[PDB]
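Notes to accompany the following structure.
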Amino acid sequence: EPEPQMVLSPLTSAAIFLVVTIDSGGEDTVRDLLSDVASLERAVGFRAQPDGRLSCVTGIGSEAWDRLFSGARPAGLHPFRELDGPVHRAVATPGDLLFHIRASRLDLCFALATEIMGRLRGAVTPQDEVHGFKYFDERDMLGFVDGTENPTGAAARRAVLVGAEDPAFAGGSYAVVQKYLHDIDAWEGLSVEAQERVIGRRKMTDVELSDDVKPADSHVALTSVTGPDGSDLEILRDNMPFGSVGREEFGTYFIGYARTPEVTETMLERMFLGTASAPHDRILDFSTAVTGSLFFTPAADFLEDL
Amino acid sequence: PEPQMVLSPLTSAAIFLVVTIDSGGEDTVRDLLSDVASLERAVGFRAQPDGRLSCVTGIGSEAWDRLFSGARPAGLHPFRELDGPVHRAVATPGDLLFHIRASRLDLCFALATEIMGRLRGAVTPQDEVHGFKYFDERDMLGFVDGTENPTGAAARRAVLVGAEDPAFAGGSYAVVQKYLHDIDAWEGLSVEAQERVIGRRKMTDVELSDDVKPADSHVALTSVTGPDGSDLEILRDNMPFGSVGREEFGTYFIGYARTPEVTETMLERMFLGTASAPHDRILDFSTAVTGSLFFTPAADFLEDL
Amino acid sequence: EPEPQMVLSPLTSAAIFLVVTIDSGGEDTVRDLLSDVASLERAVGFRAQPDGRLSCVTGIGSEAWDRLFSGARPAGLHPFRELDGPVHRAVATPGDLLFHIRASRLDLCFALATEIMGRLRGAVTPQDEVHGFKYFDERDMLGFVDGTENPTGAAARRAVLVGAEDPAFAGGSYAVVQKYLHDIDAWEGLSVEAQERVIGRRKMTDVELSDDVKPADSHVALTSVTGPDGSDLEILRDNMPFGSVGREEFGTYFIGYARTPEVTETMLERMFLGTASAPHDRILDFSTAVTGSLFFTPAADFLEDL
Amino acid sequence: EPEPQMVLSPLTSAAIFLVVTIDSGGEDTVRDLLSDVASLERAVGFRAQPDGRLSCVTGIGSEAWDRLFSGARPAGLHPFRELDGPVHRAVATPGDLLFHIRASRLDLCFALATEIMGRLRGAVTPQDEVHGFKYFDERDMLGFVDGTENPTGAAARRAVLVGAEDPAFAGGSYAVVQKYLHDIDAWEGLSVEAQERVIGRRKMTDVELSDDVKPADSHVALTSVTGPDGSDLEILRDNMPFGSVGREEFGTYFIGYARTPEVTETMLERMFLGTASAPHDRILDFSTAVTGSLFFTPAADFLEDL
Amino acid sequence: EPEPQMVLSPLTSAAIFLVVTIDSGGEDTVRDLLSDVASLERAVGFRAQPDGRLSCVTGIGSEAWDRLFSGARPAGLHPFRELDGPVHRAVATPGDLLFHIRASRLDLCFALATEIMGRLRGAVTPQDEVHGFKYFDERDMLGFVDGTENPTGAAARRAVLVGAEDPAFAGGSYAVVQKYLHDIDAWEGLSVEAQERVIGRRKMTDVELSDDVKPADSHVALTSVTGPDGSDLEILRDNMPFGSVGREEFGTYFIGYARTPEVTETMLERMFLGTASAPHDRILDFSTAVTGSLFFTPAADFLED
Amino acid sequence: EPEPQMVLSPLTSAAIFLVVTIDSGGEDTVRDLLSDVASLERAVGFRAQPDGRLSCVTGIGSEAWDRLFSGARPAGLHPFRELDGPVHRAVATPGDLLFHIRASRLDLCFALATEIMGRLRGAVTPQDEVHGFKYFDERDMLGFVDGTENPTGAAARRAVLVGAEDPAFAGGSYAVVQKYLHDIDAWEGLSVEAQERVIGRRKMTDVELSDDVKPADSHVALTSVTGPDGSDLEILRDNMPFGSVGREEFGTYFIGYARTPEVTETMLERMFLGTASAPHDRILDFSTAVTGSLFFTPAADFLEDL
Ligand code: HEM
Ligand code: HEM
Ligand code: HEM
Ligand code: HEM
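Protein chains in written order, with PDB author numbering: chain C, 7 to 312; chain A, 8 to 312; chain D, 7 to 312; chain F, 7 to 312; chain B, 7 to 311; chain E, 7 to 312.
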């Protein structure tokens, strides 16, 4: 049977990330909205077809889940696990609801955000609002190509969607968000050769540096994990730059979907806390996490039925 | 004598950047103005011909006197505060304006980054607004915005300084105002009422006929005719912006004209009223929180320092 | 599955509706054309790909079915039922074949229509020919967004395609057509608030009116029907405006596909005859039906092989 | 230079030609519409920028000019001159006003036509209404590329716009329209080689046949006219196919702009009456003119001031 | 189980065909490249999305297969069979690897070909390099629409991909290539009506000639085969024109994918050797084959190891 | 004005450069072709509008000019000047005619080249044929953005077109071509910082290096010349990469247009021979010229009239 949310969206060039908390007594207003969210996507999005590609993914946090539903909980659902590393600190910030809104135009995102928060004023409190845009040729603020090794098609369905291991909630996924702020001054002080040492790929051509040469504290080194299974462990990311030139804010908004947060959380450990042969991900010497939240993004039919 | 890209094509994205010049920044600023033309190309060229990146640089009255000596543009002065019976148009600080436009936001942002990069230390940001086209050229009130702007030769004649101030021919006078709307209240009106506020039909964007159109409608108060009986026109490129988190919904107003007298007449009519109208009804749902006037020189004036 | 005809087309912006009757002796010429119709679709369409999105769906009436084939009939196939209501009359007009031709450009529709009518010169008599065009924001002639609540993906497959319940004809569907003409003068006499009360959605933003404000005689009210389960019964529509400014004709050409006509026919009863709560669909006070025909659109396999 | 109407439109893929006559007493209503016509173009067309390319060219006939205006007449303006040839007849049909409406989508045309006829209902009577569409590679109904040898840029400005030779009306132009209906059955009976002989260019590649192979009764031969000047005389054409497959109507709607009708009228004489070396244009053996009108399309400034 | 290579690519307008042989001792350098070829496709292609539509399909010859791997062989894999017909000769030329590289722009093909040949310098020897371009309305060098009756969606999956009949290599396909050169002078000597008799469809409208009037020596006649069960036998083609104006070379590069080569090879026998009804395909009277090679294009997983 | 050839073309992604010499007795066949070349451009190109952007610019060498025409010669027309530098050599190769064919798709270039070489079979001998392609972000074979500082609009008119100084040939221009091959192995051996020192701009962001830090042997340094007039001397370039991976050929085809060749030739002297402060342009340490030819590209009117 079950239809999931538009987690596997195509490439989109605009996004709004909205994270909010439920005030006391808001729970009823929110449950009403969750049943209608699908129909607002269509109201706003239908008229702009087919260029629009407007998609909203709604996610719910661990404490918010217990306030909203009783019954079963998704297996992997918990608050974000703060990581207090030797050097770098992955923080945990409040967040009950996520709207990850994507389209080919910002206005569509904004229109949907308007209608959603319109129904929710009274009942929630905004914690974070980010307007994200694609930079050139799928590049991020650091000037590297961002998204290349994401899984596609069949391999994406397999790495992202809950299946038979938690059959109650098949079609759902686990999203982790974290807002990063970069130290561009520092970063642009590096030679390109040295930047490529940090990331693990070539800047201009976006080719992976060979085993012969790729540092073990490079980002691509530390985020490549193999299972016990011997097969690679993959997640799906849709990192979006944001910023303001006035307030020297240059950002990467990280969002990572996985069929189980164990995967996402492992990559994070390796980045913040280190391996045997690496102190921490070099990327963090130019990037500070200022948020961190985890959510479960149910199947679409789950929300329909409220 | 070639002008700045004041007559840009339709673009879907913009950054408005307004700064003041710190004491001793005058030198760093003069350097940037000479190079601004060439940064436009650097950033923009590789995205052609979709890109449509354009930057227009404008200079305030007080800043002009700090940066150059010699003759001044005839019309250049600080934005005039309007203390109306009900509505007040404020004046906010602003030495430099960058009006950056393109078909993608990232192009605007990359140019804004490179400009503010050369000015970090010399200036202090007063205002930064990221604007976007809503839908089918609608604004935050739901009406089509731009329809009666002049085009081609009529725009050339309405926006560019000519023989009347020959020293500065190719320049223009930009007025900016950030407006915030009380959407709460606006969506409280029927559509028929909203049309009476604006002066056009919402969905079809046809003018209301002169026999039904109120004298306090926005379109009424912003149609001015001269002594010679011909229309007095400006060029606008209003951009919506906002934040749903802080229930901020806005229209960023920018209006270019060959003399500020024109732009300023429309404003007086809006804030202070006519015989037959207390004030523009659009202000009962829109608050001005900025106001600055700039002169946007011919391009050769900037190149040559 | 069997491969079905292109009933699930994307959004296309142009269409030709061609309805014909079969003359005496034309049976043979028609059978030949049905076998080749698939391959004419490709001839005409292939060189314009993928911008083109040319699709033709062919359907066959009740009486024509018996002239053309022997063997089983589709379970639901019958003449359109005239509905003689208190006020409004849904009429039944003759039609043996339907060609529902759709593309992103009118000329492609016209080239294929030319080739089809070219092979049927002698054999048939045209009853109806409409050239339709989508308004630029998916609006119809009344000014409302038209198609918003159509099913997509798996839900559409389930709503429109014959399955196991008549396994002989799996992949087929049941198309109902009606040409409507509108009294625009009257319609533009209403406030927008009133027009929204007729339709049941907001004009500009295309959001459903809330359950507590939506009239029982609104179009959206009378066309939402619930099944045995209490789950919604859906059809797939691709209404197209048409008209002529010279002869003050402004129209909406209605076409609805469903896996069984009982569904489409229920919606019609509710619209024309009324419920306890509602005299008739208020949309009919501004729209007159001047045609009405029912067709079965077979699986594509069924045409290929005879 | 004074501002002209949008005669020099880019390539556009849709059009509506509307021809009407002014009933008596209607002259006031028509003067009103002419002043506002410019601003209706923008009302409808603004919101669709920049894809829209909506443009309306308004033209006025000889008799209607005298009923409508104040003072002096455009030099070249007169009723269309019937041409009673040995074989073929170029007929003259009634027509006081022309709206030549063009865009990249048919709906935009229709919207503007609606708004225009809205202001005129009562005051005029429709004579002819054609909905035209380009084939996908600039082909006409005969299957040949159509538009190739039109002038561009400076050469077009010079060959179309009235200048100092009639300085009251500089910026205007002279349009000739004629609706043609083709005999497709006949035409498709020819070999391609023979079709090429009729037109004077190659069907597939659209290359001009070499000087010693191109018949003198070919269309391209008879419509190439040299001045006293020794230089070529040029017009600007935007021929649009139209038709109905039901009613076996296949058409080409001819519209031709020139700075003086002398040029257009010369091509017509050559076509219908013959030269020294040719009876008549072979294309007319497959094409019947069923209308014919001439109009003057003033400068835009002229219309604004009424 | 398996993800296949991008054999079912969308319509693309540019291609590079690259055919090489493996030098002695190159086996190792080649094996490394095959494991990484997937990830080079993404490197080069990702930043061009979604316009780019860059795809590479890699295939391996019969003799090369035995050099590179031990273990099972694909059931159908063998050297291209020469066909010495009464009149026309289908030749067999050397070729160990195939890269069938496709995109919307030529430069993307070229950047990937650069990266591939970069890792293979020293290990291989180029046999053939062709830069192809589709004409703007899907026509080929003879002026006819080329691709029309290719299978799509599920029917293509069924016609092209190895399934349960050799489950070891499911997801694979069999590619046959032939470079053809045309005698354009001769071809353009025909009336269109005659050309249609060679091909079996209408030139301009691309409609099949009716069964009664279509010659049995037309190209479409000889390449329609039915199986024993009476359902039609299909392949997937992506013919690309190429040439050089300077050296009067005008060509069609033929590539055909099928779930077994028996199918492709049958069509060839009919073309070169004839049926009862037909001496040979008339298209060969204007087209000469100057290459001929057969490859197995494995499932993508098989390369990743 | 007179109309010039399409020297000021928009951005195009594909090109064919064809250079030929005229055989004994070819002069007549060539004169015929030149009169028709404008009209072949339109034949081939018109049906592909507006995406096509097909343009062909035809140029004629010094010795060829005297075979083909008598009467005046263009002031600046002469054989390409060999420059035998201390280190690097700018060579002269033969060329009577140049066809500089540009469009958005290669096939359009090829179709026009085919039609042209078709009419010249027998009469000419090909000296060079190059199929060029722009990389997707306007980069060239060295990885840098190429075209940035080319003049546009009115400043280009002023830099490229012969005017009043040789009024007989106003509308013409002077094209110089050179085929370059690069030693990519060597080039990719540099750090990016070093490559930027060769070119004079930033690789990634395409920003000029500041006057304080830009080497005097950088390419941008040596090719900025100022006139007697005090203002900069500009040319118009449309460099195109080409190559073959089989024969390890990676190339840049150089073409430069100017209103007089003295401008183009000065830049070349500076590149190959050096200044006081520079031995030679560093770009030549990675690029070898293997052709060199100079042509005059006449006004379009000049060709039409033969
Ligand atoms: C500042 C935050 C980040 C930035 C700017 C960033 C940027 C990038 C870049 C440039 C790449 C290389 C291109 C690609 O393969 O997509 C990459 C790869 C990757 N990133 Fe990140 N990243 C960030 C954070 C994260 C985080 C927090 C995670 C995981 C929790 C993550 C997981 C991955 C993975 C798995 C890969 C691919 C591994 C493979 O080569 O097989 N990234 N990221
Ligand atoms: C406060 C937010 C504003 C909004 C949302 C707004 C919106 C609009 C709209 C919808 C129109 C009709 C469509 C069009 O002609 O563009 C319009 C017309 C106009 N507006 Fe505004 N406007 C604003 C502020 C201003 C200001 C401050 C000025 C001048 C100082 C101005 C000057 C004009 C002019 C000159 C016209 C056209 C008059 C004509 O139709 O002949 N607007 N505006
Ligand atoms: C049924 C009506 C017509 C059809 C189907 C038609 C079709 C064509 C075609 C295929 C061409 C060649 C391609 C081109 O240059 O556009 C052409 C050229 C032309 N037609 Fe027509 N045409 C028609 C009527 C007319 C009429 C009524 C006129 C003038 C009164 C006209 C004037 C021309 C001119 C001037 C040319 C090009 C001259 C040159 O090649 O230098 N056509 N027409
Ligand atoms: C050999 C291969 C060549 C390559 C790869 C090449 C590449 C470039 C690049 C990357 C730029 C900087 C961006 C730009 O402004 O376009 C440039 C600028 C330029 N090149 Fe070249 N070029 C080559 C040969 C030549 C030759 C032979 C000439 C002149 C004969 C020339 C004249 C210029 C000029 C005049 C400029 C810009 C001057 C200014 O910045 O004010 N180039 N070229």
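We put the CB at the ideal spot given by N, CA and C, even for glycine.
Query raised in the report: Using a beta-carbon distance cut-off of less than 8 Å, what residues from the region 213-225 of chain C approach chain E?
Result: none
| query | Is the closest heavy atom of ligand 2 to the C-beta of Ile190/A under 7 Å? | reply | no
| What in chain F is Cβ-close to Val151/A, meaning under 7 Å? | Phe52 and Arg53
*Within chain E, partners of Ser197/C - CB distance below 8 Å*: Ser197, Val198 and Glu199
Note to self: Let's test the definition: count the other Cβ atoms within 10 Å of the Cβ of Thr64/D and tell me whether it reaches 16, buried, or not, exposed.
What the structure shows: buried
- Message: Considering only heavy atoms of ligand 3, does any lie closer than 7 Å to the CB of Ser237/F?
- Response: no
Exercise for the section: Determine the closest residue to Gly298/F out of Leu89/F, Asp113/F, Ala70/F and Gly77/F, with distance taken between C-alpha atoms. Expected result: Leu89/F
Step through the CB atoms of chain E and report whether any lies within less than 8 Å of the CB of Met147/C.
no
Check: CB-CB under 6 Å to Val151/A, same chain, minus the five flanking residues each way: which ones, in chain order?
Finding: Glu144, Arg145 and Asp212
Mind pulling the chain B residues with CB within less than 9 Å of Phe23/E? The premise fails here: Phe23/E is roughly 11 Å from chain B at the closest Cβ pair, so nothing lies under 9 Å.
* Under 9 Å Cβ-Cβ, which residues of chain D neighbour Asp143/A? -> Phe142 and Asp143
Taking just the CA atoms, how far does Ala284/A sit from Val93/A? 13 Å
| message | Taking the straight line between their C-alpha atoms, what separation do you get for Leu148/A and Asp238/A? | response | 26 Å
Original post:
Got a sec: which bits of the region 160-174 of chain D sit with their beta carbon under 9 Å from any beta carbon on chain C, in order along the chain?
Top reply: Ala160 and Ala161
Please confirm if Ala119/E has its CB atom under 8 Å from at least one CB of chain B. yes
Practice prompt. Measure the Cβ-Cβ separation of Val50/B and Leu114/B and say whether it is below 8 Å.
Written response: yes
Review point. What is the residue span of the alpha helix (DSSP H) that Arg125/A lies within?
Key: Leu112 to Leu126
- request: Assign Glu271/A to buried or exposed, taking buried as 16 or more other Cβ atoms, counted over all protein chains shown, within 10 Å of its Cβ.
  value: buried
What span of residues does the alpha helix (DSSP H) with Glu268/B cover, start to end?
-> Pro267 to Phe278
Exercise. Are the CB atoms of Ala306/D and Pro10/D nearer to each other than 8 Å?
Worked result: yes
Exercise for the section: Taking only beta-carbon positions, decide if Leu17/D is within less than 8 Å of chain C. Expected result: yes
- For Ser230/D, the three-state DSSP class (helix, strand or coil): coil
Item checked: Length of the line joining the Cα atoms of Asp42/E and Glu155/F -> 13 Å
With respect to the beta strand (DSSP E) encompassing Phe52/D, which residues constitute its N-terminal and C-terminal limits? Looking at the DSSP string, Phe52/D is not in any beta strand (DSSP E); the run it does join, the alpha helix (DSSP H), is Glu33 to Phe52.
Between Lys209/F and chain B, is the shortest Cβ-Cβ distance under 8 Å, so that the two count as touching?
yes
- Neighbouring residues, chain C, relative to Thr64/D (Cβ below 7 Å): Simply none; closest approach about 25 Å.
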